[PDB]
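This report concerns only the one structure given below.
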Amino acid sequence: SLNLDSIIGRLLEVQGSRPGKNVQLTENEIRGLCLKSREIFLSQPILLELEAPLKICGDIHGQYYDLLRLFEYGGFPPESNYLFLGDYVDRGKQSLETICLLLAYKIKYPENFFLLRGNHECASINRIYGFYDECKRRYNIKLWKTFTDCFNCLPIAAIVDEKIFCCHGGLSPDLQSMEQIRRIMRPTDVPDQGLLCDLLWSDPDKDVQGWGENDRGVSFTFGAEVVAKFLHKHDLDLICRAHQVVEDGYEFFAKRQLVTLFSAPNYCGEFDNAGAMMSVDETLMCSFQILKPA
Amino acid sequence: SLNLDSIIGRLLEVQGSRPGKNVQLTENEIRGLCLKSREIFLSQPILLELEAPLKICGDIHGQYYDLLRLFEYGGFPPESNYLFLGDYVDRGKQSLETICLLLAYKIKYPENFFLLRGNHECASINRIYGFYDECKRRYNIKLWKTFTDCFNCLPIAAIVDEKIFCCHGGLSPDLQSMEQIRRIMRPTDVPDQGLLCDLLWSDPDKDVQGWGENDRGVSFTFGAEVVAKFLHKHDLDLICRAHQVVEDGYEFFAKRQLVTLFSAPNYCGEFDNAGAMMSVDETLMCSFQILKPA
Amino acid sequence: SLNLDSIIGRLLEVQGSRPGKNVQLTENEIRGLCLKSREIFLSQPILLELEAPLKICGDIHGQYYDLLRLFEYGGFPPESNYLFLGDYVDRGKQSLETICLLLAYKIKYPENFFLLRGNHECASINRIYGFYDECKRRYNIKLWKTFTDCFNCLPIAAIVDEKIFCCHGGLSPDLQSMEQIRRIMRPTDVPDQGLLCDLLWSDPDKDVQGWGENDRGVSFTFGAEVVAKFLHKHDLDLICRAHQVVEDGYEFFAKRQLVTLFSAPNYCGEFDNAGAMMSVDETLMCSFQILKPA
Amino acid sequence: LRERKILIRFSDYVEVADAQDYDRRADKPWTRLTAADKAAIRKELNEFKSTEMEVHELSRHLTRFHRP
Amino acid sequence: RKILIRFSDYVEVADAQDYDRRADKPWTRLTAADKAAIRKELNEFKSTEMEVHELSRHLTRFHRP
Amino acid sequence: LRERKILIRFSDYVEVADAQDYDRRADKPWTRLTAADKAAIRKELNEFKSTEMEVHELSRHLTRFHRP
Amino acid sequence: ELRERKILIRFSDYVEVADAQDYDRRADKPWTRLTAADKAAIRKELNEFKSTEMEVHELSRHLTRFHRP
Ligand SMILES: [Mn+2]
Ligand SMILES: [Mn+2]
Ligand SMILES: [Mn+2]
Ligand SMILES: [Mn+2]
Ligand SMILES: [Mn+2]
Ligand SMILES: [Mn+2]
């Protein structure tokens, strides 16, 4: 059986060390994290219904030590409840530490800690952008296939107190009813087009009236009119998404009807961006706290 | 009806005999101790609110003749007020004599004699580490089930003069409010993880910034920073715990913001440690009295 | 019979870890460090005659990770030559790691690495101010007596290129000829008064014309004209000492004829001081590099 | 599209703290791939997703196969 | 924050009884079969015979088969 | 005193770097020594220095003994 | 600063790969059967060899790797 507190403990023990120090979990420990977390993801709806108080965070991309600082900043679980918006692995040098801690907290606090699926939580993408290479290097290929079964069961979106719609990428032209999301069955892959694809890939663009081309070569861009229509239709107040690096870690769109969240500061050591998280309180008052590079 | 003075007398009579000699209580007498003491535990809060003068002691682990000496040293009840921090049974050879004297003193001086629950005062642990075997050899399996119902009702923590927080193991990441301890209902088992587990199992560790792995494979370790923010949060001055063998019977941590107490000298005949008690007087002045192996 | 490179490697590889983490050397390895270094100390003069290039450092007081940071900054031996001015142990938490690395480097680079005796390298002082407690806790009392034997053999002062007189404390009224230092035989204790005491205990004072009272209750204070008279008589240009915390890590006295060096930044967590070292190149051009808290 | 009462509110106070300072520059292995590499990887995914990757019956139409 | 507690610098010392405290450690000789049987015993005991308040049943520490 | 030639020079450039950032505060138990403690330590130091600590024959007059 | 210095070296994305010979490379390890007396006798032989026979430049005699008796 799973030694959950030992795994979490070992993962936290690098606090105060210089970034880059690895955590050495065993193969069976990691497999255990995947199996039990997967089970939980499937026990909970694919469209999560969450309640404030809650802190919402965006991309991490294996910047494990920035995730630790983020917890230090906003409170380690269960001091705060957390909802992550995806893109835990790839690009960074420590995707395994990042996702293992996130999965372990899902198992420790399943009613107070939630993870959404990013476009990098699928086989085809994280086969190329680092996670596969990190699994094969430090353990083996089978472990990456085990992670894939877990990723294929991640929930795709969440509504906080019937007013904040959360997903990794954004809106879809194919999204006319929330039941369309609820009806998606897991485990599943991320398709190259369609509703699930857009939820993980689409981007807002000020220069687009409705829908437009996406420089990524996947999915679409969408404009402010799309957002306003969506919020009115479902009597929502805000779209909260991630997926794009923004200077202050958060960045509003369409008259504060949408916010982009990004939690990996100094992303890839190529940008000068802060990382942010949004706190929602019981009265639906939203505030931002950011970790800025010095 | 119960013959308490007779039990205490028989239990204290072996004082001066060769260590290892068995006090022979009857089956019915032992069940009387367990039932009456259980009643008292349940009539007092699970989070004790105590007042100095008081002497605080740590692990005994069935070293019955070391317990008799401890009472010689500090005064047989009610000469002094006592607070024990758990781990009365297991490992030692005379866990029955130890727990019977302690229960009997709880019935004798219920307002001046207090017992906290240790991690060995739970079924799964003392099933393996001796106490069960001791009960079966000298009596029957049912007597061990009777002790279990008594241990499941012990209080878990204690605050002395609103300034010294006492428990067996230490702090918990899930402990944000004293009310979380007060809402723990008895009788209860000790779980494999969570608040009640950590209160009986965690260990301080100077190497850990916040939380870390516990060599025991249960619960966590915690650092000076955790202790500091805890005392400041609840306006406490000290944490008093046991659980670990320390050379002098007492040992400070985080600039004397926490103290470990251990009262079983020459533990298991494997360490050359002293056993200690901590006296707290009306001034909240603390002093240490130790029994060292010669 | 000593694997010095394995010892040094273990001491240096905690670099990057959280400050406070220990290095586990065996008792016999530490004994080997002491006995071998002691032989080297005795084979070299009690008044060292050194040559630039050289980097001179002040107190460390067991702040092991600040010593590692110092070496990172100034260059790990033998990239730079080093002279330390004493007080390696006591007060800080990791005196054993500190002195073991310094002694290992003295054995490894005996012509490029030098340690002078501070007032805390004597049994009466470091019995009280922490080192003795550290040895008893991690090893045994006998090991402390082995360090005492090694400490009793340290050189007391050093002259760099016949122009910079170096000692931990300062001048003595009983210092008329350098021969008085030379004729001191080792192993020796530190007396309660007189030349060997003053050299490790005295302090400069601006408000003193000649000699004054020392608030330590030991030795004396001395004035700037005493410094100027001393330098003229022996044709020296600078007195380089430590013994006192100064805000910038280095602080001049007597019109830059005496400098205090202190290498423990944020000393005892009580001051907001920088730690400094002084570099003397081949031309006797001196320069300062400081590690400042942020 | 304006009478619709809004419930959410945003605080005008934004907390700012320092982020850790270390070298986040990372190696980009996907930039050393060749045309043949991608073909082998596409063959690998098709074989993995067809015969190994568990997929709910009602979601097999979402499995993202690749071109040879 | 103001601190009320104080510590006394006088440590009372006395002698502990001198006897052989070494004891057998039966748990070190448990086989896999033994552990499994004991996990079975505890699960049955805790399920049917151990009194647990209704609100603390989520804390009962059951064991794997 | 005024015209003695001086060889030493000081550079005007002071290099500055960041010291490590960690909690350096540490317990100071020696401030908690009783007169009985200090008497017991004084006796220990006297026995150790007089019967065990090696000292060159010409430096035994420097040995720092403590009052009873 | 380290990242702005010009680098000349380059690496090719194509790696040639051939099949190595397929034979049994298992070999004996005589050193694993040296007794304490054997090693002590070998240390004495090396010491005699290096002190009296092995040619060493005059300026490098301090590097000669002698062994514990
Ligand atoms: Mn991303
Ligand atoms: Mn993305
Ligand atoms: Mn115990
Ligand atoms: Mn315990
Ligand atoms: Mn000092
Ligand atoms: Mn000093």
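When a ligand or atom number is given, it counts from 1 through the structure's own listing order. Chain identifiers are assigned alphabetically (A, B, ...) following the order of the sequence lines, protein sequences preceding nucleic acid strands; residue numbering begins at 1 within each chain. Hydrogens, waters and symmetry mates are skipped; everything else that's a heavy atom, side chains included, is used.
- A donor-acceptor pair is defined here as one N or O able to donate and one able to accept, closer than 3.5 Å; such a pair exists between the side chain of C:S263 and the backbone of C:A276.
- In summary, A:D203 and A:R241 engage in a salt bridge, as defined by a charged side-chain N under 4.0 Å from a carboxylate O.
- Only protein N, O or S atoms were considered, and those under 2.8 Å from the Mn ion (ligand 6) are C:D87 OD2, C:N119 OD1, C:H168 NE2, C:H243 ND1.
- Atom CG of A:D272 sits in a sparse spot, with 12 or fewer heavy atoms from other residues, nucleotides or ligands closer than 6.0 Å.
- The six-membered or imidazole ring of C:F71 lies near that of C:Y82, with a centre-to-centre distance under 6.0 Å.
- Under the 6.0 Å cut-off for aromatic ring centres, C:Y250 and C:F262 do not qualify, their centroids lying 6.0 Å or more apart.
- Side-chain atoms of A:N214 do not come within 3.5 Å of backbone N or O of A:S202 as any donor-acceptor pair.
- Residue-level check: among N/O/S atoms of C:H61, NE2 sits closest to the Mn ion (ligand 5).
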